[PDB]
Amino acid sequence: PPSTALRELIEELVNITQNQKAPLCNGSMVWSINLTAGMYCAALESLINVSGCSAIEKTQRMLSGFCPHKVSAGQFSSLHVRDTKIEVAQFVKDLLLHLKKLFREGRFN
């Protein structure tokens, strides 16, 4: 199918969001993204900076395939709104939510 990519990414975010016993990614902070078009890349450009957190390894891998181009830490093409950082666990809840929205709206990339 076409929605499979989105289907499984969402499952993942749902996992590390119910399955976070202790604060996700040691309470690390990440740049918040404008949740709109060209945000798959904004999302990866943001989290890519959390090195040392495995709980988010998958998530980041999954993101890389949604993003046309490769993303390196400290690189910010898609991420224009870079004036606020939020804790990672909020970032994924916010991200997660926005995804569900795109799914409902039948938007898969």
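From 1 onward, residues are counted along the sequence shown.
Novice: At least a third of the other compared entries leaving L47 unmodelled, is that the case?
Specialist: Residue status for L47: no gap in any other entry.
Novice: Would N15 be found without coordinates in at least a third of the other compared entries?
Specialist: Other entries vs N15: none skip it.
Novice: Tell me which of 24 to 32 and 80 to 88 has the higher mean C-alpha B-factor in the deposited entry.
Specialist: Taking the mean B-factor of the alpha carbons in each, 80 to 88 is higher.
Novice: Per the PDB record, is the mean Cα temperature factor higher over 64 to 72 or over 40 to 48?
Specialist: Mean B over CA atoms: larger for 64 to 72.
Novice: Compared with the other modelled residues in the chain, in which third is the CA B-factor of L9?
Specialist: Within its chain, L9 is a lowest-third residue by C-alpha B-factor, going by the deposited values.
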